[PDB]
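Below: the structure, in structure tokens.
What is reported rests on the model, the rules as stated and the sources as named; no laboratory instrument gave them. Because the Cβ atoms are built from the backbone with ideal geometry, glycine has one as well, and the counts that use them run over all protein chains shown.
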Amino acid sequence: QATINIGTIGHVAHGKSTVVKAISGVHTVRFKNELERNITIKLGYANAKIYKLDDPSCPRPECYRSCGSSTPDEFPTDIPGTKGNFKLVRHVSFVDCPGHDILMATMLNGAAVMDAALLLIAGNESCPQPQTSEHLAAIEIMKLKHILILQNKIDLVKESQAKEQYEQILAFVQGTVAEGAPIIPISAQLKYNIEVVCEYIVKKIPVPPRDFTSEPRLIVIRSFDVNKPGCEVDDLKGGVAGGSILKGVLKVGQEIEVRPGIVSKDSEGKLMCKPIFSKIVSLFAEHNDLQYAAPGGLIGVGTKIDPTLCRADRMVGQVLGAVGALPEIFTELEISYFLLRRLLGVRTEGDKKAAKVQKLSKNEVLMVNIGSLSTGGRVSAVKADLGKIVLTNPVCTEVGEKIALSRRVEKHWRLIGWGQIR
Amino acid sequence: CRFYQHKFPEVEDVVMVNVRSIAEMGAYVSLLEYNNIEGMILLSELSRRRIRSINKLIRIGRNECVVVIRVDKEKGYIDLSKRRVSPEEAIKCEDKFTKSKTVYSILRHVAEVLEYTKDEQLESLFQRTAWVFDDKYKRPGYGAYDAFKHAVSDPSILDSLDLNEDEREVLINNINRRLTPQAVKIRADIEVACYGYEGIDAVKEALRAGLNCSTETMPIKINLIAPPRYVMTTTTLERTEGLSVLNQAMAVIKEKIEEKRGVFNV
RNA sequence: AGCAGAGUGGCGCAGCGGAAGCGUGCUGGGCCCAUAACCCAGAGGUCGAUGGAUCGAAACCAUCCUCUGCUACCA
């Protein structure tokens, strides 16, 4: 099951595996592994079990003592309390995003459907620390702000370096406040300072207020198949979409529609798209039986699709609405938008740059990330906060919603701005 | 013993020899494709070039195909040549060699089930059975093998000619071991696309009756190499007429899946 | 899972249903006043297992395993 979706977002170089294993005791994995010489840039999957033993510490599976691993020469230690049958509090789910600054668009998609996050900040690199702030700002805009920061290393990092960094971060974030919950410097190199984190993470972090009594909308981000050849057992009860719910609640047996649609025979016009319909077979999480899918949670919705469509990563952000609901099928759409007051995505100490993002101009192709979908469209009319865009494939406008706007700064996209559909 | 209808090779025939001696006139060699008699290869017919001396391309203890240039009819001198010869003739002779080997391997067990001190034992078997098989067909390279292969799978040669009480066992063994399995590499090209939800059950029905004239289940071999691909080796035994079963079965499967929101070739 | 190769007899390619075949390299001899080129001579040897025909099987044909290649891929 999943009750809260905690993300493990960070940026290029500081170790994802070391810090995640220190807090949870869980290592993430994605097939075709490959286990890197840097951070996990795979789209890892993981769930975890969150227990209490009525101690200031949070149990692992080994609930009397727990010996971590990051080197075999030393024996890392974590505290899981003293035992007398360890009580399951809930089953929590994680979202390991692909790391690095460049993976911003995917990080955005995943962020937009996960309740909370754990911002793995570094300390052994750049003092203004660009990406940490970038992340925080996007998060505060979408509607969430209960984030709990973890400072990965302080052992390798000297206390002068870490101090200069703390000054520069606190001076950059003069416009962004989304870290008003505590900032816990920890060790991940030594895997220590865990015990105060254990008291904190059950206290400070519920699901930040969301509306789940509205209309079911599911956003699938990860692709799962299913099951075991065959041949003939085969043909299947079928193919599983890893999606999170950000609005409403999906109950079992519901019919659900994937809403960007498929376009009617031949493309010569530009209207219309027709949603595709699939009934929900099962609402599967962990290795534990369920028939429900708690909202604000990452759930495996088995639908009667075939393995072939989920064979690898093939779904990264599709919007699914249930059922008989009507999102409007615009072909030309009126976007309101705003831009960041810095150009943030890449930063250097040569001061190049933090100049305000250049405006939009007509007859330019721009990426509109609407929902977790990423469609392309050209701007036909251009006023500062009212552009009219004509889209290549029609766009389902669910609600007034949000958008994320990115620019190819010089060789890859970087987050520049946001806004809302109208 | 002979290994051909005659004990006398013809003139201009493709033959096989085994190098066993080197003469001052060439190389004295025995034949191993007819009766085993002496034949002289000549050192002026080895090649049409520069021979600064080879015992490392032509050497003792190797079966080599060659062409009989001349035969002295009553003196038994089988003159031989490699001056005009081609690889193609070697292939044709290799075929005869392999067929003779399998027939003789069955008909050697027969000779070891009998006790003999007369060379003529194998000859007796040869004259009565072999000739009527081979005279009609032996120009492509055929011998008794076609008759034998037909005989095990449909008796009609063991009802027209003598049956020994130990030939049959060995005959069955060498045919059924070496030419069963026995073989095709046919594949049915099948792909599946569904955007409905009843495609899963649709495919199962289509597979089990991809050809009419079944009880309710075909004796095909479904294979899953990947999820959309259903490879069907059809009419499996040896396959000699399951080409139409294979071809038309693909059309059935493509139609059944197209109803469930698939789009496929017409 | 499907397909391909190998499980050396120095190397590399592995010849075919009667056993290292070829090229190369190594080791030794010859040729010449001498060296190259050139010519000969080598070298313990079911070539992973389970089976069947066999006078024999890396090689005649199956069933398996292992290591890798291609398709892919359940994870």
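Of all residues in region A:287-312, those satisfying the criterion of being more than 19 Å from the chain's Cα centre (by Cα) and under 23 Å from residue A:114 (Cβ atoms) are A:287, A:288, A:290, A:292, A:302, A:303, A:310.
For region B:128-136, indicate whether the set of residues that are under 24 Å from the mean Cα position of the chain (by Cα), more than 14 Å from RNA strand C (Cβ to nearest atom) and assigned to a loop (DSSP other than H, G, I, E, B) is non-empty. Among the residues of region B:128-136, at least one is under 24 Å from the mean Cα position of the chain (by Cα), more than 14 Å from RNA strand C (Cβ to nearest atom) and assigned to a loop (DSSP other than H, G, I, E, B), which makes the answer yes.
Pull up region A:12-58, narrow it to residues that are acidic (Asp, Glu) and either assigned to a helix (DSSP H, G or I) or away from RNA strand C (no atom under 13 Å from the Cβ) (or both), then point me to the one that is nearest to the other protein chains (Cβ to nearest Cβ).
Just the residues of region A:12-58 that are acidic (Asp, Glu), to begin with: A:34, A:36, A:54-55.
Filter again for either assigned to a helix (DSSP H, G or I) or away from RNA strand C (no atom under 13 Å from the Cβ) (or both), leaving A:36, A:54-55.
Values: A:36: 28, A:54: 48, A:55: 48 Å.
Selected residue: A:36.
If I ask for residues that are more than 14 Å from every other protein chain (Cβ to nearest Cβ), crowded, with 17+ Cβ neighbours inside 10 Å and assigned to a strand (DSSP E or B), which ones from region A:283-319 would you list? Correct list: A:283, A:284, A:285, A:298, A:299, A:300, A:319. For region B:219-240, the set of residues classified as touching a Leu at 6+ places or on another chain (Cβ under 7 Å) and either free of Cβ contacts under 8 Å to residues at least 12 places away in the same chain or facing another protein chain (nearest Cβ under 9 Å) (or both) consists of B:222, B:230, listed by residue number. Residue A:217 fulfils the conditions (1) surrounded by fewer than 16 Cβ atoms within 10 Å (Cβ to Cβ); (2) away from chain B (no Cβ under 14 Å); (3) within 30 Å of residue A:259 (Cβ to Cβ) except for a single criterion, (1).
Between A:124, A:152, the distinction of being crowded, with 18+ Cβ neighbours inside 10 Å, closer than 27 Å to residue A:45 by Cβ and outside the structural domain of residue A:355 (by CATH) belongs to A:152 only. Residues that are buried (at least 18 other Cβ atoms within 10 Å of the Cβ), closer than 30 Å to residue A:120 by Cα and touching a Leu at 6+ places or on another chain (Cβ under 7 Å) do occur in region A:225-243.
Out of the strands (runs of 3 or more DSSP E) lying entirely within region B:26-118, which hold 3 or more residues that are more than 10 Å from RNA strand C (Cβ to nearest atom) and β-branched (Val, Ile, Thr)?
Values: elements: B:26-31, B:38-42, B:63-72, B:77-81.
By residue number, B:63-72.
With the condition kept exactly as written, say whether any residue in region A:190-208 is within 16 Å of RNA strand C (Cβ to nearest atom) and under 24 Å from the mean Cα position of the chain (by Cα).
No, every residue in region A:190-208 fails to be within 16 Å of RNA strand C (Cβ to nearest atom) and under 24 Å from the mean Cα position of the chain (by Cα).
Of the residues making up region B:164-192, just one is out of contact with any strand residue (DSSP E or B) (no Cβ under 6 Å at 6 or more places or on another chain), within 30 Å of residue A:275 (Cβ to Cβ) and either β-branched (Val, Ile, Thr) or more than 14 Å from chain A (Cβ to nearest Cβ) (or both), namely B:192.
Number of residues in region A:380-401 that are closer than 28 Å to residue A:219 by Cα and assigned to a strand (DSSP E or B): the value is 12. Residue B:102 satisfies every condition listed in (1) closer than 29 Å to residue B:121 by Cβ; (2) surrounded by fewer than 18 Cβ atoms within 10 Å (Cβ to Cβ); (3) touching a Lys or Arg at 6+ places or on another chain (Cβ under 8 Å); (4) of a type in the set (S, T, N, Q) except (2). Scanning region A:327-385 for residues that are in contact (Cβ under 8 Å) with a residue 60 or more places away in the chain, surrounded by fewer than 16 Cβ atoms within 10 Å (Cβ to Cβ) and either touching a helix residue (DSSP H, G or I) at 6+ places or on another chain (Cβ under 8 Å) or more than 30 Å from residue A:256 (Cα to Cα) (or both) gives A:338, A:341, A:349. Checking each residue in region B:176-227 for being assigned to a loop (DSSP other than H, G, I, E, B), charged (D, E, K, R) and either more than 12 Å from RNA strand C (Cβ to nearest atom) or within 27 Å of residue A:225 (Cβ to Cβ) (or both) picks out B:187, B:189, B:191, B:198, B:216.
As a summary of the residue check, residue B:202 satisfies the conditions (1) farther than 25 Å from residue B:237 by Cβ; (2) surrounded by fewer than 19 Cβ atoms within 10 Å (Cβ to Cβ); (3) aliphatic (A, V, I, L, M) except for the one numbered (2).
Checked against (1) crowded, with 18+ Cβ neighbours inside 10 Å; (2) away from RNA strand C (no atom under 16 Å from the Cβ); (3) within 28 Å of residue A:305 (Cβ to Cβ), residue B:230 passes all but a single condition, namely (2). Screening region A:248-281 for residues that are more than 14 Å from chain B (Cβ to nearest Cβ) and without any contact (Cβ under 8 Å) to a residue 40 or more places away in the chain and picking the one that is surrounded by the fewest Cβ atoms within 10 Å (Cβ to Cβ) gives A:268.
For region B:153-164, the condition of being in a helix (DSSP H, G or I) and closer than 25 Å to residue B:5 by Cβ holds for none of the residues.
Residue B:195: within 15 Å of residue B:246 (Cβ to Cβ) and facing chain A (nearest Cβ under 9 Å), yes or no? Give the derivation first.
Working: within 15 Å of residue B:246 (Cβ to Cβ): no; facing chain A (nearest Cβ under 9 Å): yes.
Considered against the rule, which asks whether it is within 15 Å of residue B:246 (Cβ to Cβ) and facing chain A (nearest Cβ under 9 Å), residue B:195 comes out as no.
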